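Containing mmCIF, C-alpha atoms and all ligand atoms: upload-v1.cif.
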```
data_upload
loop_
_atom_site.group_PDB
_atom_site.id
_atom_site.type_symbol
_atom_site.label_atom_id
_atom_site.label_comp_id
_atom_site.auth_asym_id
_atom_site.auth_seq_id
_atom_site.Cartn_x
_atom_site.Cartn_y
_atom_site.Cartn_z
ATOM 1 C CA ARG A 1 -2.692 5.320 -11.838
ATOM 2 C CA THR A 2 -3.431 2.099 -9.924
ATOM 3 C CA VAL A 3 -5.834 0.680 -7.310
ATOM 4 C CA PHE A 4 -5.358 -2.005 -4.647
ATOM 5 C CA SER A 5 -8.697 -3.863 -4.785
ATOM 6 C CA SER A 6 -8.290 -7.572 -3.793
ATOM 7 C CA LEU A 7 -6.267 -9.956 -1.570
ATOM 8 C CA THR A 8 -4.775 -13.422 -1.659
ATOM 9 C CA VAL A 9 -3.954 -15.084 1.693
ATOM 10 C CA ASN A 10 -1.539 -18.075 1.699
ATOM 11 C CA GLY A 11 -2.485 -18.754 -1.932
ATOM 12 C CA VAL A 12 -6.312 -18.417 -1.481
ATOM 13 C CA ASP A 13 -7.831 -15.656 -3.621
ATOM 14 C CA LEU A 14 -10.626 -13.924 -1.626
ATOM 15 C CA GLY A 15 -12.338 -12.287 -4.604
ATOM 16 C CA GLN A 16 -12.652 -8.866 -6.206
ATOM 17 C CA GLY A 17 -13.294 -6.155 -3.599
ATOM 18 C CA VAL A 18 -13.493 -8.635 -0.706
ATOM 19 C CA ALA A 19 -12.023 -7.315 2.604
ATOM 20 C CA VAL A 20 -10.756 -4.122 0.898
ATOM 21 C CA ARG A 21 -12.213 -0.587 0.999
ATOM 22 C CA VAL A 22 -11.945 0.047 -2.722
ATOM 23 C CA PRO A 23 -11.769 3.667 -3.924
ATOM 24 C CA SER A 24 -14.276 4.473 -6.715
ATOM 25 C CA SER A 25 -11.506 5.544 -9.138
ATOM 26 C CA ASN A 26 -7.786 5.299 -9.635
ATOM 27 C CA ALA A 27 -7.412 9.059 -9.058
ATOM 28 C CA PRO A 28 -4.391 9.780 -6.747
ATOM 29 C CA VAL A 29 -4.342 11.225 -3.285
ATOM 30 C CA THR A 30 -2.038 14.253 -3.479
ATOM 31 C CA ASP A 31 -2.399 15.933 -0.008
ATOM 32 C CA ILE A 32 -0.281 14.180 2.663
ATOM 33 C CA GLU A 33 -2.045 16.276 5.338
ATOM 34 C CA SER A 34 -5.537 15.052 4.272
ATOM 35 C CA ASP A 35 -7.303 12.174 6.060
ATOM 36 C CA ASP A 36 -7.481 10.727 2.520
ATOM 37 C CA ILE A 37 -3.812 9.746 3.024
ATOM 38 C CA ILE A 38 -4.906 7.100 5.535
ATOM 39 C CA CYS A 39 -7.137 4.772 3.432
ATOM 40 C CA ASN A 40 -8.088 6.911 0.319
ATOM 41 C CA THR A 41 -11.651 8.150 -0.179
ATOM 42 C CA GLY A 42 -14.921 7.615 -2.077
ATOM 43 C CA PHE A 43 -15.256 3.861 -1.446
ATOM 44 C CA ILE A 44 -17.410 1.621 -3.595
ATOM 45 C CA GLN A 45 -20.571 0.889 -1.664
ATOM 46 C CA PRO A 46 -21.587 -1.191 0.085
ATOM 47 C CA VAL A 47 -18.135 -1.576 1.571
ATOM 48 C CA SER A 48 -17.091 -5.198 2.273
ATOM 49 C CA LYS A 49 -17.775 -6.480 5.798
ATOM 50 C CA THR A 50 -15.308 -9.343 5.282
ATOM 51 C CA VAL A 51 -12.282 -9.368 7.586
ATOM 52 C CA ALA A 52 -9.727 -11.807 6.187
ATOM 53 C CA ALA A 53 -8.277 -14.307 8.684
ATOM 54 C CA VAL A 54 -4.486 -14.256 8.235
ATOM 55 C CA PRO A 55 -2.067 -16.262 10.402
ATOM 56 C CA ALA A 56 0.837 -14.219 11.766
ATOM 57 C CA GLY A 57 3.750 -15.303 9.495
ATOM 58 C CA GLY A 58 1.305 -15.777 6.549
ATOM 59 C CA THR A 59 1.904 -14.616 3.001
ATOM 60 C CA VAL A 60 -0.401 -11.949 1.667
ATOM 61 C CA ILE A 61 -0.801 -10.572 -1.870
ATOM 62 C CA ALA A 62 -2.303 -7.102 -2.185
ATOM 63 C CA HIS A 63 -3.483 -6.938 -5.781
ATOM 64 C CA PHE A 64 -3.057 -3.722 -7.758
ATOM 65 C CA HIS A 65 -4.676 -3.135 -11.139
ATOM 66 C CA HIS A 66 -5.035 -0.065 -13.354
ATOM 67 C CA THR A 67 -8.679 0.583 -12.367
ATOM 68 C CA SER A 68 -11.067 -0.018 -9.466
ATOM 69 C CA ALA A 69 -12.587 -2.993 -11.419
ATOM 70 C CA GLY A 70 -9.558 -5.258 -10.991
ATOM 71 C CA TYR A 71 -8.513 -7.431 -13.930
ATOM 72 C CA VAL A 72 -10.383 -6.603 -17.127
ATOM 73 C CA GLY A 73 -7.965 -8.039 -19.639
ATOM 74 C CA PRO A 74 -4.855 -6.728 -21.456
ATOM 75 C CA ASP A 75 -3.971 -3.134 -20.659
ATOM 76 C CA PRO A 76 -0.495 -1.553 -21.044
ATOM 77 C CA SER A 77 -1.086 0.519 -17.794
ATOM 78 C CA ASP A 78 -2.210 -2.558 -15.769
ATOM 79 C CA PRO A 79 -1.267 -2.911 -13.054
ATOM 80 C CA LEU A 80 0.229 0.570 -13.261
ATOM 81 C CA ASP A 81 1.739 2.884 -15.849
ATOM 82 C CA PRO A 82 5.363 1.628 -15.913
ATOM 83 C CA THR A 83 6.637 5.184 -16.598
ATOM 84 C CA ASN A 84 5.432 6.067 -13.083
ATOM 85 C CA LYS A 85 8.586 5.200 -11.138
ATOM 86 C CA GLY A 86 8.390 4.994 -7.345
ATOM 87 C CA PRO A 87 8.122 2.812 -4.240
ATOM 88 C CA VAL A 88 5.599 0.276 -2.937
ATOM 89 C CA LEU A 89 4.902 0.120 0.811
ATOM 90 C CA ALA A 90 2.727 -1.829 3.267
ATOM 91 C CA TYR A 91 1.660 -0.865 6.789
ATOM 92 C CA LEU A 92 -0.502 -2.383 9.567
ATOM 93 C CA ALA A 93 -2.461 -0.657 12.303
ATOM 94 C CA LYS A 94 -4.197 -2.338 15.183
ATOM 95 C CA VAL A 95 -7.894 -1.377 15.196
ATOM 96 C CA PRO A 96 -10.815 -2.319 17.499
ATOM 97 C CA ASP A 97 -12.954 -3.424 14.540
ATOM 98 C CA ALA A 98 -11.529 -3.789 11.002
ATOM 99 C CA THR A 99 -14.959 -2.756 9.596
ATOM 100 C CA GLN A 100 -15.125 0.513 11.657
ATOM 101 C CA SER A 101 -15.627 3.593 9.457
ATOM 102 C CA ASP A 102 -13.338 5.921 11.472
ATOM 103 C CA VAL A 103 -9.673 5.363 10.499
ATOM 104 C CA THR A 104 -8.210 8.439 12.218
ATOM 105 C CA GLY A 105 -5.880 8.254 15.179
ATOM 106 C CA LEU A 106 -4.407 4.805 14.400
ATOM 107 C CA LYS A 107 -0.767 3.870 14.837
ATOM 108 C CA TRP A 108 0.779 2.519 11.640
ATOM 109 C CA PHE A 109 3.893 0.330 11.487
ATOM 110 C CA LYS A 110 5.578 -0.464 8.217
ATOM 111 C CA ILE A 111 5.955 -4.162 7.451
ATOM 112 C CA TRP A 112 7.374 -4.145 3.873
ATOM 113 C CA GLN A 113 8.580 -1.797 1.169
ATOM 114 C CA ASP A 114 10.500 -1.784 -2.064
ATOM 115 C CA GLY A 115 12.150 1.489 -3.062
ATOM 116 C CA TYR A 116 14.955 1.768 -5.580
ATOM 117 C CA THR A 117 18.071 -0.253 -6.394
ATOM 118 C CA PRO A 118 20.650 2.161 -7.957
ATOM 119 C CA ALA A 119 22.850 -0.513 -9.541
ATOM 120 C CA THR A 120 19.899 -1.951 -11.560
ATOM 121 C CA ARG A 121 17.944 1.356 -11.857
ATOM 122 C CA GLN A 122 14.890 -0.705 -10.740
ATOM 123 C CA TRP A 123 12.040 0.727 -8.706
ATOM 124 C CA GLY A 124 9.485 -1.061 -6.575
ATOM 125 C CA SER A 125 6.924 0.054 -9.160
ATOM 126 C CA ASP A 126 8.879 -1.868 -11.830
ATOM 127 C CA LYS A 127 8.814 -5.043 -9.699
ATOM 128 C CA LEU A 128 5.072 -4.563 -9.028
ATOM 129 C CA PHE A 129 4.511 -4.212 -12.837
ATOM 130 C CA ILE A 130 6.571 -7.345 -13.564
ATOM 131 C CA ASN A 131 4.591 -9.277 -10.936
ATOM 132 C CA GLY A 132 1.206 -8.369 -12.416
ATOM 133 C CA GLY A 133 0.255 -6.040 -9.599
ATOM 134 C CA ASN A 134 0.948 -8.712 -6.988
ATOM 135 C CA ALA A 135 2.486 -6.897 -3.979
ATOM 136 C CA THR A 136 3.607 -9.890 -1.912
ATOM 137 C CA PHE A 137 4.804 -9.804 1.713
ATOM 138 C CA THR A 138 4.563 -11.667 5.001
ATOM 139 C CA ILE A 139 2.748 -10.671 8.135
ATOM 140 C CA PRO A 140 5.284 -10.543 11.022
ATOM 141 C CA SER A 141 5.047 -13.799 13.002
ATOM 142 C CA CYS A 142 5.422 -12.201 16.459
ATOM 143 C CA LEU A 143 2.366 -9.863 16.313
ATOM 144 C CA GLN A 144 -0.473 -9.736 18.842
ATOM 145 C CA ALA A 145 -3.493 -11.472 17.292
ATOM 146 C CA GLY A 146 -6.595 -9.432 16.525
ATOM 147 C CA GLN A 147 -8.121 -6.941 14.043
ATOM 148 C CA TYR A 148 -5.881 -4.752 11.920
ATOM 149 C CA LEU A 149 -6.050 -2.524 8.821
ATOM 150 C CA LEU A 150 -3.527 -3.246 6.043
ATOM 151 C CA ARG A 151 -2.585 -0.036 4.180
ATOM 152 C CA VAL A 152 -0.811 -0.871 0.900
ATOM 153 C CA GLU A 153 0.478 2.022 -1.222
ATOM 154 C CA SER A 154 2.067 2.669 -4.669
ATOM 155 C CA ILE A 155 3.626 6.150 -5.009
ATOM 156 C CA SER A 156 4.319 7.684 -8.452
ATOM 157 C CA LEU A 157 7.256 10.081 -8.294
ATOM 158 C CA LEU A 158 6.967 11.023 -12.021
ATOM 159 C CA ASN A 159 5.874 14.611 -11.114
ATOM 160 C CA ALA A 160 7.410 14.725 -7.592
ATOM 161 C CA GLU A 161 10.165 17.310 -8.227
ATOM 162 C CA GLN A 162 8.002 19.697 -6.092
ATOM 163 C CA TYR A 163 5.260 19.156 -3.494
ATOM 164 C CA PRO A 164 2.490 18.621 -4.306
ATOM 165 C CA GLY A 165 3.495 16.272 -7.091
ATOM 166 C CA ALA A 166 3.896 12.739 -5.718
ATOM 167 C CA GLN A 167 0.798 10.649 -6.471
ATOM 168 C CA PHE A 168 -0.377 8.278 -3.741
ATOM 169 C CA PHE A 169 -2.416 5.184 -4.761
ATOM 170 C CA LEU A 170 -3.518 3.246 -1.741
ATOM 171 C CA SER A 171 -6.274 1.209 -0.106
ATOM 172 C CA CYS A 172 -6.833 -0.479 3.241
ATOM 173 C CA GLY A 173 -7.454 -4.178 3.650
ATOM 174 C CA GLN A 174 -9.397 -5.566 6.610
ATOM 175 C CA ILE A 175 -7.647 -8.455 8.368
ATOM 176 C CA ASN A 176 -7.750 -10.560 11.535
ATOM 177 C CA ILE A 177 -4.317 -11.772 12.508
ATOM 178 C CA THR A 178 -4.511 -15.249 14.091
ATOM 179 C CA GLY A 179 -1.865 -17.102 16.046
ATOM 180 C CA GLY A 180 1.059 -14.849 16.591
ATOM 181 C CA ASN A 181 2.621 -13.784 19.872
ATOM 182 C CA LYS A 182 2.457 -10.608 21.983
ATOM 183 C CA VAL A 183 4.394 -7.929 20.070
ATOM 184 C CA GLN A 184 2.554 -4.614 19.691
ATOM 185 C CA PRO A 185 4.883 -2.412 17.556
ATOM 186 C CA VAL A 186 5.303 1.320 17.793
ATOM 187 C CA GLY A 187 3.454 3.046 14.969
ATOM 188 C CA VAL A 188 3.332 6.485 13.313
ATOM 189 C CA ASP A 189 0.396 8.789 12.616
ATOM 190 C CA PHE A 190 -1.377 9.221 9.308
ATOM 191 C CA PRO A 191 -1.633 12.033 8.514
ATOM 192 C CA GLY A 192 1.756 13.071 9.975
ATOM 193 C CA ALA A 193 4.259 10.369 8.959
ATOM 194 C CA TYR A 194 4.745 11.929 5.520
ATOM 195 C CA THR A 195 5.988 15.501 5.245
ATOM 196 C CA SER A 196 6.915 17.897 2.378
ATOM 197 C CA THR A 197 10.586 17.775 3.532
ATOM 198 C CA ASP A 198 10.900 14.001 3.035
ATOM 199 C CA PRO A 199 13.174 13.247 0.059
ATOM 200 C CA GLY A 200 11.124 10.049 -0.341
ATOM 201 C CA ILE A 201 8.235 12.274 -1.440
ATOM 202 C CA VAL A 202 10.033 15.179 -3.123
ATOM 203 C CA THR A 203 12.338 13.700 -5.722
ATOM 204 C CA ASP A 204 13.330 14.246 -9.319
ATOM 205 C CA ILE A 205 13.412 10.665 -10.758
ATOM 206 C CA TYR A 206 15.800 11.859 -13.523
ATOM 207 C CA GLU A 207 18.245 13.092 -10.795
ATOM 208 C CA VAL A 208 18.003 10.101 -8.474
ATOM 209 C CA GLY A 209 21.113 8.496 -7.168
ATOM 210 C CA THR A 210 20.115 6.926 -3.904
ATOM 211 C CA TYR A 211 16.522 6.831 -2.699
ATOM 212 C CA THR A 212 14.846 6.031 0.558
ATOM 213 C CA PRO A 213 11.041 5.563 0.697
ATOM 214 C CA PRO A 214 9.155 7.899 3.018
ATOM 215 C CA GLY A 215 7.962 7.038 6.478
ATOM 216 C CA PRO A 216 9.393 4.937 9.315
ATOM 217 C CA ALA A 217 11.861 2.060 9.182
ATOM 218 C CA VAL A 218 10.390 -1.394 8.418
ATOM 219 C CA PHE A 219 9.331 -3.255 11.573
ATOM 220 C CA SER A 220 10.714 -6.727 12.118
ATOM 221 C CA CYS A 221 10.430 -9.314 14.886
HETATM 222 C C1 LIG B 1 -0.672 -12.951 -9.002
HETATM 223 O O1 LIG B 1 -1.527 -13.604 -8.086
HETATM 224 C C2 LIG B 1 -2.705 -14.108 -8.737
HETATM 225 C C3 LIG B 1 -3.776 -14.447 -7.695
HETATM 226 O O2 LIG B 1 -3.320 -15.516 -6.956
HETATM 227 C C4 LIG B 1 -2.321 -15.228 -9.688
HETATM 228 O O3 LIG B 1 -3.536 -15.736 -10.284
HETATM 229 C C5 LIG B 1 -3.810 -17.118 -9.972
HETATM 230 O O4 LIG B 1 -2.853 -18.015 -10.506
HETATM 231 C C6 LIG B 1 -3.090 -19.276 -9.859
HETATM 232 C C7 LIG B 1 -1.882 -20.160 -9.980
HETATM 233 O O5 LIG B 1 -1.708 -20.223 -11.381
HETATM 234 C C8 LIG B 1 -4.377 -19.886 -10.446
HETATM 235 O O6 LIG B 1 -4.529 -21.229 -9.931
HETATM 236 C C9 LIG B 1 -5.511 -18.908 -10.037
HETATM 237 O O7 LIG B 1 -6.837 -19.317 -10.433
HETATM 238 C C10 LIG B 1 -5.212 -17.448 -10.422
HETATM 239 N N1 LIG B 1 -6.113 -16.582 -9.717
HETATM 240 C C11 LIG B 1 -6.960 -15.745 -10.345
HETATM 241 C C12 LIG B 1 -7.866 -14.906 -9.522
HETATM 242 O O8 LIG B 1 -7.023 -15.649 -11.535
HETATM 243 C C13 LIG B 1 -1.326 -14.684 -10.725
HETATM 244 O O9 LIG B 1 -0.758 -15.744 -11.496
HETATM 245 C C14 LIG B 1 -0.171 -13.897 -10.088
HETATM 246 N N2 LIG B 1 0.554 -13.178 -11.123
HETATM 247 C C15 LIG B 1 1.887 -13.272 -11.106
HETATM 248 C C16 LIG B 1 2.676 -12.591 -12.176
HETATM 249 O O10 LIG B 1 2.463 -13.900 -10.231
HETATM 250 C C1 LIG B 2 3.741 -17.417 2.784
HETATM 251 O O1 LIG B 2 4.066 -18.064 1.542
HETATM 252 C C2 LIG B 2 5.327 -17.690 0.963
HETATM 253 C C3 LIG B 2 5.487 -18.441 -0.344
HETATM 254 O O2 LIG B 2 4.546 -17.844 -1.232
HETATM 255 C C4 LIG B 2 6.447 -17.999 1.958
HETATM 256 O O3 LIG B 2 7.674 -17.579 1.331
HETATM 257 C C5 LIG B 2 6.189 -17.274 3.272
HETATM 258 O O4 LIG B 2 7.199 -17.679 4.195
HETATM 259 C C6 LIG B 2 4.819 -17.669 3.834
HETATM 260 O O5 LIG B 2 4.925 -19.042 4.206
#
```
The structure in this file should be written as structure tokens.
Ligand SMILES: *[C@@H]1O[C@H](CO)[C@@H](O[C@@H]2O[C@H](CO)[C@@H](O)[C@H](O)[C@H]2NC(C)=O)[C@H](O)[C@H]1NC(C)=O
Ligand SMILES: *[C@H]1O[C@H](CO)[C@@H](O)[C@H](O)[C@@H]1O
Amino acid sequence: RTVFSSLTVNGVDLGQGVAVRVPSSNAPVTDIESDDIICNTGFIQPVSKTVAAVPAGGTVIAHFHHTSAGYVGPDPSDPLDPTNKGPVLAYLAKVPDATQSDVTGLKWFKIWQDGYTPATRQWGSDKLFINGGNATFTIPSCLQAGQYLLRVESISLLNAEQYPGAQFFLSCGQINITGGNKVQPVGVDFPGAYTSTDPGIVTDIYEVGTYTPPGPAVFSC
């Protein structure tokens, strides 16, 4: 179990819970057809009304930790339980207002992921563990400036040999992309992008040879 609960933007740490809708617990989302798949559920109130300014091309860290509290000292399951092999993914969706409560009907484009490297037997979850929960990626430099949600997700495939079984740990950050250009990428629906037939979601980690994370191809400029 893990929770995304804070951001760093071009090396500036914004603070615990700032600009993130933090779920109350590290319990997983398990239903890919639920609206909970979009941004999780049961947010800590009052939800942050900070919308982080991030230049297009900027480096963001989405910070995962074992619990909703963030860093609370040594913990062998922080940032995640390293037995829980699986991918890490990040998506953006353009939104009218990054503080708006309704997150349905948005169009999500993937900007980064890390799946599995067969030759090293290393998962994205392993890299996220090594890096202290710091899921680090750049915002595409060509994007249309304005308000976006930043959906960052750790999937545990430990029990994913059937569906349901995959455990989805995710939150949405609230950002305002500055600078940039005029690209408005094609996105996918949540729910909808993930299905029970996706081998990225139904996988036996002790039978894995090759692996492809679920959802669309990564967008690039
Ligand atoms: C993950 O990112 C965090 C947050 O930036 C790093 O913590 C900071 O480390 C810097 C550089 O040493 C310090 O100046 C900050 O005060 C730290 N921030 C906080 C909130 O404590 C952390 O080192 C990174 N972890 C790894 C493995 O890279
Ligand atoms: C944000 O910062 C990283 C270094 O942490 C760069 O690699 C990236 O290009 C962006 O400038």
Every residue with an atom at most 12 Å from (-8.0, 7.3, -1.2) (file coordinates; all atoms listed in the file) is what I'm after, so could you write them as a PDB file with C-alpha atoms, keeping the file's coordinate frame?
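part_23.pdb was written with the following content:
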```pdb
ATOM      1  CA  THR A   2      -3.431   2.099  -9.924  1.00  0.00           C
ATOM      2  CA  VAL A   3      -5.834   0.680  -7.310  1.00  0.00           C
ATOM      3  CA  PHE A   4      -5.358  -2.005  -4.647  1.00  0.00           C
ATOM      4  CA  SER A   5      -8.697  -3.863  -4.785  1.00  0.00           C
ATOM      5  CA  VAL A  20     -10.756  -4.122   0.898  1.00  0.00           C
ATOM      6  CA  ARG A  21     -12.213  -0.587   0.999  1.00  0.00           C
ATOM      7  CA  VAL A  22     -11.945   0.047  -2.722  1.00  0.00           C
ATOM      8  CA  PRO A  23     -11.769   3.667  -3.924  1.00  0.00           C
ATOM      9  CA  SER A  24     -14.276   4.473  -6.715  1.00  0.00           C
ATOM     10  CA  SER A  25     -11.506   5.544  -9.138  1.00  0.00           C
ATOM     11  CA  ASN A  26      -7.786   5.299  -9.635  1.00  0.00           C
ATOM     12  CA  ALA A  27      -7.412   9.059  -9.058  1.00  0.00           C
ATOM     13  CA  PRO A  28      -4.391   9.780  -6.747  1.00  0.00           C
ATOM     14  CA  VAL A  29      -4.342  11.225  -3.285  1.00  0.00           C
ATOM     15  CA  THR A  30      -2.038  14.253  -3.479  1.00  0.00           C
ATOM     16  CA  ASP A  31      -2.399  15.933  -0.008  1.00  0.00           C
ATOM     17  CA  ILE A  32      -0.281  14.180   2.663  1.00  0.00           C
ATOM     18  CA  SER A  34      -5.537  15.052   4.272  1.00  0.00           C
ATOM     19  CA  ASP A  35      -7.303  12.174   6.060  1.00  0.00           C
ATOM     20  CA  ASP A  36      -7.481  10.727   2.520  1.00  0.00           C
ATOM     21  CA  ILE A  37      -3.812   9.746   3.024  1.00  0.00           C
ATOM     22  CA  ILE A  38      -4.906   7.100   5.535  1.00  0.00           C
ATOM     23  CA  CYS A  39      -7.137   4.772   3.432  1.00  0.00           C
ATOM     24  CA  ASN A  40      -8.088   6.911   0.319  1.00  0.00           C
ATOM     25  CA  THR A  41     -11.651   8.150  -0.179  1.00  0.00           C
ATOM     26  CA  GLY A  42     -14.921   7.615  -2.077  1.00  0.00           C
ATOM     27  CA  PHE A  43     -15.256   3.861  -1.446  1.00  0.00           C
ATOM     28  CA  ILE A  44     -17.410   1.621  -3.595  1.00  0.00           C
ATOM     29  CA  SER A  68     -11.067  -0.018  -9.466  1.00  0.00           C
ATOM     30  CA  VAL A 103      -9.673   5.363  10.499  1.00  0.00           C
ATOM     31  CA  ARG A 151      -2.585  -0.036   4.180  1.00  0.00           C
ATOM     32  CA  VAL A 152      -0.811  -0.871   0.900  1.00  0.00           C
ATOM     33  CA  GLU A 153       0.478   2.022  -1.222  1.00  0.00           C
ATOM     34  CA  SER A 154       2.067   2.669  -4.669  1.00  0.00           C
ATOM     35  CA  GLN A 167       0.798  10.649  -6.471  1.00  0.00           C
ATOM     36  CA  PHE A 168      -0.377   8.278  -3.741  1.00  0.00           C
ATOM     37  CA  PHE A 169      -2.416   5.184  -4.761  1.00  0.00           C
ATOM     38  CA  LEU A 170      -3.518   3.246  -1.741  1.00  0.00           C
ATOM     39  CA  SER A 171      -6.274   1.209  -0.106  1.00  0.00           C
ATOM     40  CA  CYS A 172      -6.833  -0.479   3.241  1.00  0.00           C
TER      41      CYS A 172
END
```
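Considering the residues A:137, A:64, A:194, A:206 and counting all atoms listed in the file, residue 125 (chain A) has its shortest atom-to-atom contact with A:64.
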>> I'd like the contact shell of residue 62 (chain A) - 7 Å cut-off, only C-alpha atoms, skipping same-chain residues fewer than 2 positions apart - returned as a ChimeraX atom specification.
In response: /A:4,6-8,60,64,134-136
Closest of A:189, A:114, A:13, A:207 to residue 86 (chain A), counting all atoms listed in the file, is A:114
Draw an axis-aligned box over all listed atoms of ligand LIG 2 (chain B), pad each side with 3 Å, and write its centre and edge lengths in Å, one decimal, as JSON.
```
{"center_x": 5.7, "center_y": -18.2, "center_z": 1.5, "size_x": 9.9, "size_y": 7.8, "size_z": 11.4}
```
Subset file as a tab-separated table (two decimals), in the first residue's frame: region 86-102 of chain A, N, CA, C and O atoms:
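Result written to result_9.tsv:
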```tsv
chain	number	residue	atom	x	y	z
A	86	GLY	N	5.01	-4.00	-9.61
A	86	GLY	CA	4.14	-3.47	-10.67
A	86	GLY	C	4.64	-2.14	-11.20
A	86	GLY	O	5.72	-1.67	-10.84
A	87	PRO	N	3.86	-1.55	-12.13
A	87	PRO	CA	4.24	-0.29	-12.76
A	87	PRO	C	3.90	0.97	-11.96
A	87	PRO	O	3.18	0.92	-10.98
A	88	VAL	N	4.47	2.07	-12.43
A	88	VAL	CA	4.18	3.44	-12.00
A	88	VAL	C	3.83	4.22	-13.27
A	88	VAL	O	4.52	4.06	-14.28
A	89	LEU	N	2.79	5.06	-13.18
A	89	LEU	CA	2.30	5.77	-14.36
A	89	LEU	C	1.93	7.19	-13.95
A	89	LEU	O	1.44	7.40	-12.84
A	90	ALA	N	2.01	8.12	-14.93
A	90	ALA	CA	1.50	9.49	-14.71
A	90	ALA	C	0.72	9.94	-15.96
A	90	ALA	O	1.17	9.73	-17.08
A	91	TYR	N	-0.44	10.60	-15.71
A	91	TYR	CA	-1.30	11.15	-16.68
A	91	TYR	C	-1.65	12.60	-16.36
A	91	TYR	O	-1.67	13.01	-15.21
A	92	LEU	N	-1.96	13.37	-17.42
A	92	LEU	CA	-2.55	14.72	-17.30
A	92	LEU	C	-3.92	14.75	-17.95
A	92	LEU	O	-4.15	14.01	-18.89
A	93	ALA	N	-4.83	15.59	-17.41
A	93	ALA	CA	-6.04	15.94	-18.11
A	93	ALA	C	-6.24	17.44	-17.97
A	93	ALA	O	-6.22	17.99	-16.87
A	94	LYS	N	-6.58	18.05	-19.09
A	94	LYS	CA	-6.98	19.45	-19.08
A	94	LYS	C	-8.34	19.57	-18.38
A	94	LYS	O	-9.24	18.82	-18.61
A	95	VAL	N	-8.44	20.55	-17.48
A	95	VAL	CA	-9.64	20.77	-16.68
A	95	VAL	C	-9.94	22.28	-16.68
A	95	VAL	O	-9.03	23.13	-16.67
A	96	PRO	N	-11.23	22.69	-16.57
A	96	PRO	CA	-11.51	24.12	-16.46
A	96	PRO	C	-10.93	24.77	-15.19
A	96	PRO	O	-10.46	25.89	-15.25
A	97	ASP	N	-10.98	24.04	-14.08
A	97	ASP	CA	-10.54	24.55	-12.79
A	97	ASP	C	-9.95	23.38	-12.01
A	97	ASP	O	-10.68	22.39	-11.74
A	98	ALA	N	-8.63	23.41	-11.76
A	98	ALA	CA	-7.98	22.29	-11.06
A	98	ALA	C	-8.44	22.08	-9.62
A	98	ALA	O	-8.05	21.08	-9.00
A	99	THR	N	-9.30	22.94	-9.09
A	99	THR	CA	-9.94	22.71	-7.78
A	99	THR	C	-11.38	22.17	-7.89
A	99	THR	O	-12.02	21.96	-6.82
A	100	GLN	N	-11.89	21.99	-9.12
A	100	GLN	CA	-13.31	21.59	-9.31
A	100	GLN	C	-13.54	20.18	-8.75
A	100	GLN	O	-12.67	19.30	-8.87
A	101	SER	N	-14.70	19.95	-8.11
A	101	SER	CA	-14.86	18.66	-7.42
A	101	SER	C	-15.17	17.53	-8.43
A	101	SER	O	-14.81	16.37	-8.24
A	102	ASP	N	-15.83	17.86	-9.55
A	102	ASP	CA	-16.22	16.84	-10.51
A	102	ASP	C	-15.06	16.50	-11.46
A	102	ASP	O	-14.66	17.35	-12.31
```
